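The structure appears below as structure tokens.
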């Protein structure tokens, strides 16, 4: 009975972790809805906001839209250290600067990124294949061998480095049944029992 | 010693499969080279070709560049462990239309009419959608690692028949070979893709 098209734009990391799980529920409850997913950078998604009924991004609340905080991720420094290449991914400069500062503080030498990549997913695969060491958000940490790697929680002044994920939309869109459906499902999905 | 910076642009699927393996080798041999990787659509990459010293894309050779064929992928139709499979949603990814039309055609021939219920941009998302039980899909074989052979069956895609294959290419401006870090990367790829 609910049946249009919903166009979702989200951070790339979300598209390989949260979103498939969410879409399994959604499609099961609303099978007659056609789903389009586009992934990319937050800044990309925000730039293209008009293409999307709903955006899921990382960083901060988006301007002139409703926002729902979905969750926070912790971070882990992952290594087989000063001599190994650090793999840096692309994000807003405040967050990268927290990681740089942490590396400078808790390691001996100066932070230098030998390899820089767009996406966290690529970064993780670079890690798994031995290219170097990196820091990951914990939601990206599954299927990394606990035998080959060590995991150290990243804290700054004894407070975990965290990143927030948000769902953003124009409240007016809730007039579209298929969108209202997705936003409500999502309010439920992000609560913990 | 080889240094400077190399800027690589590739298809998104390549950044999770081939490229880490290649970059482990490359960084081991040429530790003083700074590496930048950008992933995306073959369209996107080719559009931004001036940001990149080297591109690795899927489809066909790129125009006004040197091209090196790297390899070919087979394809598998993947579904929960089967002939009640047309009642399940099919997940389509974005690629050039000839390629997508082969997949559609094969579906129509071998199964109901093709209809994508979920469409996503990247093959990797498509695979994670598969793993999470959203539906069934066709994947290139290089994307099939870690898909539980306990939960899923794998059927090879053939068209008259003639497996459905997709080609990967490395493209570059031959003048770039004057940059030692680029000449290095390209020669390394030449042997990386050969098989013992």
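Residue numbers (this note's numbering), protein chains in the order written: chain A, 1 to 193; chain B, 1001 to 1196.
Each residue gets a CB set at the ideal place from its N, CA and C atoms; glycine is no exception.
- Between residue 146 (chain A) and residue 76 (chain A), the C-beta gap is not smaller than 7 angstroms, which leaves the two residues out of contact.
- Contacts with chain A at 7 angstroms (Cβ-Cβ) include residue 1020 (chain B).
- In the DSSP annotation of this structure, residue 9 (chain A) is not part of any alpha helix (DSSP H); the continuous beta strand (DSSP E) holding it starts and ends at 5 to 11.
- Taking C-alpha positions only, residue 1082 (chain B) is separated from residue 64 (chain A) by approximately 47 angstroms.
- With respect to the 7 angstroms criterion, residue 1035 (chain B) and residue 144 (chain A) are not classified as neighbours on the basis of their beta carbons.
- When DSSP states are grouped into helix, strand and coil, residue 1079 (chain B) belongs to the strand group.
- Residue contact with chain B for residue 126 (chain A): present (Cβ-Cβ distance below 7 angstroms to some residue of chain B).
- Among the residues of chain A, those whose CB is under 7 angstroms from the CB of residue 1034 (chain B) are 114, following chain order.
- When secondary structure is reduced to three states using DSSP, residue 1193 (chain B) falls in the coil class, being assigned neither helix nor strand.
- The C-beta of residue 1136 (chain B) comes no closer than 7 angstroms to any C-beta of chain A.
- The stretch 1016 to 1097 of chain B is shown to contain whole beta strand (DSSP E) runs of 3 or more residues at 1034 to 1040, 1054 to 1058, 1066 to 1073, 1075 to 1080 and 1090 to 1093, in chain order.
- Flagged as an interface residue toward chain A: residue 1120 (chain B), by a C-beta distance shorter than 7 angstroms.
- Here DSSP, grouped into helix, strand and coil, assigns residue 1129 (chain B) to helix.
- One thing to note: residue 139 (chain A) has its Cβ within 7 angstroms of the Cβ of residue 17 (chain A).
- Straight-line spacing of the CA atoms in residue 186 (chain A) and residue 1130 (chain B) works out to 20 angstroms.
- The beta-bridge partner set that DSSP reports for residue 113 (chain A) consists of A:86.
- Around residue 1096 (chain B), the same chain offers 1059 as residues with beta carbons nearer than 6 angstroms, after the five sequence neighbours per side are excluded.
- In chain order, 1037 and 1039 place their CB closer than 7 angstroms to the CB of residue 1015 (chain B), counting only its own chain and leaving out the 5 sequence neighbours on each side.
- Checking the DSSP bridge columns, you'll see residue 149 (chain A) has no partner listed.
- Here the C-alpha atom of residue 1061 (chain B) lies approximately 45 angstroms from the C-alpha atom of residue 107 (chain A).
- Per DSSP, residue 160 (chain A) lies in no beta strand (DSSP E) and is assigned neither H nor E.
- In the three-state reduction of the DSSP assignment, residue 133 (chain A) falls in the strand class, which pools E and B.
- Closest by C-alpha distance to residue 41 (chain A), out of A:110, A:117 and A:176, is A:117.
- Not a single CB atom of chain B sits nearer than 7 angstroms to the CB of residue 4 (chain A).
- With a 10 Å radius around the Cβ and a threshold of 16 neighbouring Cβ atoms, residue 160 (chain A) comes out exposed.
- For residue 140 (chain A), the secondary structure class from DSSP, reduced to helix, strand or coil, is helix.
- Per the DSSP secondary-structure output, residue 1170 (chain B) pairs in a beta bridge with B:1056 and B:1068.
- At a C-beta separation below 8 angstroms, residue 23 (chain A) has these neighbours in chain B: 1118, 1129, 1132 and 1134.
- From the beta-carbon of residue 1027 (chain B), the residues of chain A found nearer than 8 angstroms are 85, 114, 115, 131 and 132.
- Scanning its chain for C-beta atoms nearer than 7 angstroms, with the 5 sequence neighbours on each side dropped, one finds around residue 1151 (chain B) the residues 1080 and 1081, in chain order.
- The stretch 1021 to 1035 of chain B makes no contact with the stretch 92 to 106 of chain A: fewer than 3 CB pairs, one atom from each, lie closer than 8 angstroms.
- Against residue 38 (chain A), the close residues of chain B are 1121, in the order they occur along the chain (beta-carbon pairs closer than 7 angstroms).
- Using a Cβ-Cβ cut-off of 7 angstroms, residue 57 (chain A) does not count as an interface residue toward chain B, since no Cβ of chain B sits closer than that to its own.
- Chain B has a Cβ within less than 7 angstroms of the Cβ of residue 16 (chain A).
- Between residue 6 (chain A) and residue 178 (chain A) a beta carbon distance of about 5 angstroms is seen, short of the 8 angstroms cut, so the two are scored as contacting.
- Sixteen is the threshold: since fewer than 16 other Cβ atoms of the shown chains lie within 10 Å of the Cβ of residue 1004 (chain B), the residue is exposed.
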